[PDB]
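Engineer: Enclosed is the structure file protein23.txt (compact mmCIF, C-alpha atoms and all ligand atoms).
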# COMPACT_ATOMS: atom_id res chain seq x y z
CA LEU N 1 125.72 109.15 117.34
CA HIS N 2 122.05 109.59 117.74
CA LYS N 3 119.37 108.45 120.05
CA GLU N 4 116.44 106.44 118.65
CA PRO N 5 113.19 105.48 120.30
CA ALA N 6 112.40 102.13 121.91
CA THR N 7 109.97 100.79 124.51
CA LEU N 8 110.60 98.36 127.34
CA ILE N 9 109.25 94.85 126.77
CA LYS N 10 110.93 93.21 129.76
CA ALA N 11 113.90 93.53 132.03
CA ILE N 12 116.34 90.65 131.75
CA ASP N 13 119.52 91.27 133.74
CA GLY N 14 122.27 93.81 134.45
CA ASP N 15 123.47 94.14 130.88
CA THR N 16 120.63 92.82 128.71
CA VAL N 17 117.05 93.99 128.26
CA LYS N 18 114.20 93.14 125.87
CA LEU N 19 113.06 96.27 123.98
CA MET N 20 110.79 96.99 121.06
CA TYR N 21 112.83 98.80 118.43
CA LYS N 22 111.33 99.85 115.02
CA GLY N 23 108.25 97.90 116.12
CA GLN N 24 110.10 94.54 116.59
CA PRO N 25 111.04 92.75 119.86
CA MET N 26 114.82 92.47 120.31
CA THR N 27 117.19 91.59 123.09
CA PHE N 28 119.79 94.37 123.56
CA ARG N 29 123.24 93.87 125.05
CA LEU N 30 124.70 97.04 126.56
CA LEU N 31 127.93 98.25 124.83
CA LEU N 32 131.25 98.48 126.67
CA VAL N 33 130.12 96.90 129.95
CA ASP N 34 129.92 93.63 131.79
CA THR N 35 127.62 92.99 134.73
CA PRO N 36 127.92 89.84 136.87
CA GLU N 37 125.51 87.04 135.93
CA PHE N 38 122.48 86.80 138.14
CA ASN N 39 124.05 83.72 139.78
CA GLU N 40 127.26 85.74 140.70
CA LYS N 41 127.99 88.26 143.44
CA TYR N 42 126.34 91.64 142.67
CA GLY N 43 124.42 89.97 139.79
CA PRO N 44 121.09 90.30 141.49
CA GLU N 45 121.93 93.94 142.45
CA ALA N 46 122.92 94.80 138.85
CA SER N 47 119.74 93.21 137.63
CA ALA N 48 117.62 95.21 140.06
CA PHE N 49 119.36 98.39 139.21
CA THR N 50 118.71 98.17 135.47
CA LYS N 51 115.15 96.79 135.97
CA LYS N 52 114.29 99.81 138.10
CA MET N 53 115.98 102.29 135.83
CA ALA N 54 114.15 100.91 132.73
CA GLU N 55 110.73 100.33 134.36
CA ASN N 56 110.64 103.84 135.94
CA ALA N 57 111.63 105.59 132.71
CA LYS N 58 109.10 107.60 130.73
CA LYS N 59 111.29 107.50 127.67
CA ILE N 60 113.72 104.72 126.71
CA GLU N 61 116.14 105.31 123.84
CA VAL N 62 118.85 103.29 122.14
CA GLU N 63 121.95 104.63 120.50
CA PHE N 64 123.99 102.53 118.10
CA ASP N 65 127.69 103.13 117.70
CA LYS N 66 129.55 103.31 114.36
CA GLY N 67 130.23 99.59 114.02
CA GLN N 68 128.38 96.30 114.42
CA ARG N 69 124.74 96.74 115.51
CA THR N 70 124.02 93.12 116.33
CA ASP N 71 126.26 90.51 117.87
CA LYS N 72 126.71 86.86 116.90
CA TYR N 73 123.67 85.87 119.09
CA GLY N 74 121.42 88.42 117.30
CA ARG N 75 121.39 90.79 120.28
CA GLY N 76 121.37 94.47 119.44
CA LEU N 77 124.50 96.35 120.60
CA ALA N 78 123.68 99.83 121.87
CA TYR N 79 123.95 102.40 124.54
CA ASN N 80 120.61 102.43 126.43
CA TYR N 81 119.14 105.75 127.87
CA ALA N 82 116.38 106.09 130.49
CA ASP N 83 114.95 109.63 130.59
CA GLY N 84 118.24 110.84 129.08
CA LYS N 85 120.56 109.01 131.53
CA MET N 86 122.84 106.36 130.05
CA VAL N 87 122.22 103.01 131.73
CA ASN N 88 125.71 101.76 130.67
CA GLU N 89 127.37 104.69 132.42
CA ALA N 90 125.14 104.49 135.51
CA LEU N 91 125.98 100.82 136.09
CA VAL N 92 129.72 101.55 135.84
CA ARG N 93 129.45 104.59 138.10
CA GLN N 94 127.69 102.52 140.79
CA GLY N 95 130.28 99.73 140.67
CA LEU N 96 127.74 97.27 139.29
CA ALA N 97 129.53 96.77 135.94
CA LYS N 98 133.08 96.81 134.71
CA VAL N 99 134.14 98.48 131.48
CA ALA N 100 134.67 95.51 129.14
CA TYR N 101 134.29 94.23 125.62
CA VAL N 102 135.83 97.29 124.04
CA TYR N 103 135.98 96.52 120.37
CA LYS N 104 137.59 98.97 117.92
CA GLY N 105 134.96 100.96 115.99
CA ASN N 106 132.19 100.44 118.59
CA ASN N 107 133.86 102.38 121.34
CA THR N 108 132.63 105.97 121.15
CA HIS N 109 131.80 106.23 124.90
CA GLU N 110 134.84 104.34 126.19
CA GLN N 111 136.55 107.22 127.93
CA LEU N 112 133.32 108.50 129.51
CA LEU N 113 132.77 105.03 130.96
CA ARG N 114 136.40 104.63 132.16
CA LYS N 115 136.11 107.92 133.99
CA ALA N 116 132.97 106.60 135.80
CA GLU N 117 134.79 103.36 136.64
CA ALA N 118 137.67 105.30 138.22
CA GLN N 119 135.16 107.14 140.38
CA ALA N 120 133.39 103.98 141.50
CA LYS N 121 136.75 102.33 142.32
CA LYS N 122 137.85 105.42 144.34
CA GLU N 123 134.57 105.18 146.31
CA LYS N 124 135.09 101.42 146.74
CA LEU N 125 131.52 100.72 145.50
CA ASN N 126 130.00 97.28 145.14
CA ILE N 127 132.32 95.23 142.85
CA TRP N 128 135.25 97.47 143.99
CA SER N 129 134.48 97.02 147.69
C1 LIG H 201 129.21 93.47 124.66
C2 LIG H 201 129.58 92.57 123.49
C3 LIG H 201 129.52 91.19 123.65
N1 LIG H 201 129.82 90.46 122.55
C4 LIG H 201 129.90 88.93 122.64
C5 LIG H 201 131.36 88.65 123.13
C6 LIG H 201 131.08 87.48 124.08
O1 LIG H 201 131.18 86.19 123.36
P1 LIG H 201 131.12 84.74 124.15
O2 LIG H 201 129.60 84.42 124.37
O3 LIG H 201 131.69 83.83 123.08
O4 LIG H 201 131.89 84.87 125.39
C7 LIG H 201 129.66 87.67 124.63
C8 LIG H 201 129.68 88.29 126.02
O5 LIG H 201 128.27 88.59 126.41
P2 LIG H 201 127.76 88.30 127.77
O6 LIG H 201 128.63 89.06 128.80
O7 LIG H 201 126.32 88.81 127.72
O8 LIG H 201 127.90 86.82 128.07
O9 LIG H 201 129.06 88.48 123.67
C9 LIG H 201 130.12 91.02 121.33
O10 LIG H 201 130.44 90.30 120.33
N2 LIG H 201 130.13 92.35 121.10
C10 LIG H 201 129.88 93.12 122.19
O11 LIG H 201 129.98 94.36 121.99
CA CA H 202 127.41 89.62 131.69
Spell out the structure here as structure tokens.
Ligand SMILES: Cc1cn([C@H]2C[C@H](OP(=O)(O)O)[C@@H](COP(=O)(O)O)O2)c(=O)[nH]c1=O
Ligand SMILES: [Ca+2]

Structural biologist:
Amino acid sequence: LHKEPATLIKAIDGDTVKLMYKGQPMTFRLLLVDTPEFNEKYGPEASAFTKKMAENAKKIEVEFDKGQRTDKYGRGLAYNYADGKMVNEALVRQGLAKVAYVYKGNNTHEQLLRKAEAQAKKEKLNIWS
């Protein structure tokens, strides 16, 4: 896989963000994760976490997997990086997302993310508390 440039247009919530990619505005949905909706417990905290990570970044990147690049709602499906740190992994490691939506052929980072999840569960963080 390879990282490609993007810029932040606006934070949306824990697992979606509006980015400019190839010069066009798109909503991205983070691969392999599920954050609570803003209305649910830890939803606001997941939102804040990804808003801060994206807004403080000097360099946002997206990385597509081998499979589908957009979902049925037209959202881009990617791993999102903020100054080299994967947002998808960081959410899972902090117990603010669960590993989820693992579809065959878009699952390159699955085991990385499951190892973070095991760590967050051991530490009893957030969703695992
Ligand atoms: C993360 C992900 C979600 N989706 C679709 C499955 C879910 O369909 P349904 O809307 O029919 O439940 C929805 C979950 O996204 P959200 O968690 O953002 O709601 O998005 C994909 O198709 N591919 C993906 O990789
Ligand atoms: Ca969600």

Engineer: Calculate how many Å separate CA of residue 27 in chain N from CA of residue 116 in chain N, rounding to one decimal.

Structural biologist: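 Computed distance, CA of residue 27 in chain N to CA of residue 116 in chain N, equals 25.2 Å.
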
Engineer: Taking 4 positions as the minimum chain separation for residues in the same chain, which residues sit within 6 Å of residue 125 in chain N when counting all atoms listed in the file? Answer as a VMD selection string.

Structural biologist: chain N and resid 95 120 129

Engineer: Name the residues, by chain letter and number, that sit within 12 Å of ligand LIG 201 (chain H) using only C-alpha atoms and all ligand atoms, and give them as an NGL selection string.

Structural biologist: :N and (12-17 or 27-38 or 43 or 64-79 or 88 or 97-108 or 110)

Engineer: Hey, which of N:56, N:39, N:7, N:50 ends up closest to residue 26 in chain N? Count all atoms listed in the file.

Structural biologist: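 Selected residue with least distance to residue 26 in chain N: N:7.
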
Engineer: When you draw a straight line from CA of residue 21 in chain N to CA of residue 91 in chain N, how long is it in Å?

Structural biologist: 22.1 Å

Engineer: Calculate how many Å separate CA of residue 117 in chain N from CA of residue 55 in chain N, rounding to one decimal.

Structural biologist: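 CA of residue 55 in chain N lies at a distance of 24.4 Å from CA of residue 117 in chain N.
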
Engineer: Which of these, N:89, N:123, N:40, N:83, has the shortest distance to ligand CA 202 (chain H) once you count all atoms listed in the file?

Structural biologist: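 Closest to ligand CA 202 (chain H) of all the choices is N:40.
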
Engineer: I need the residue nearest ligand CA 202 (chain H) from this list: N:59, N:41, N:3, N:10. Use only C-alpha atoms and all ligand atoms for the distance.

Structural biologist: N:41
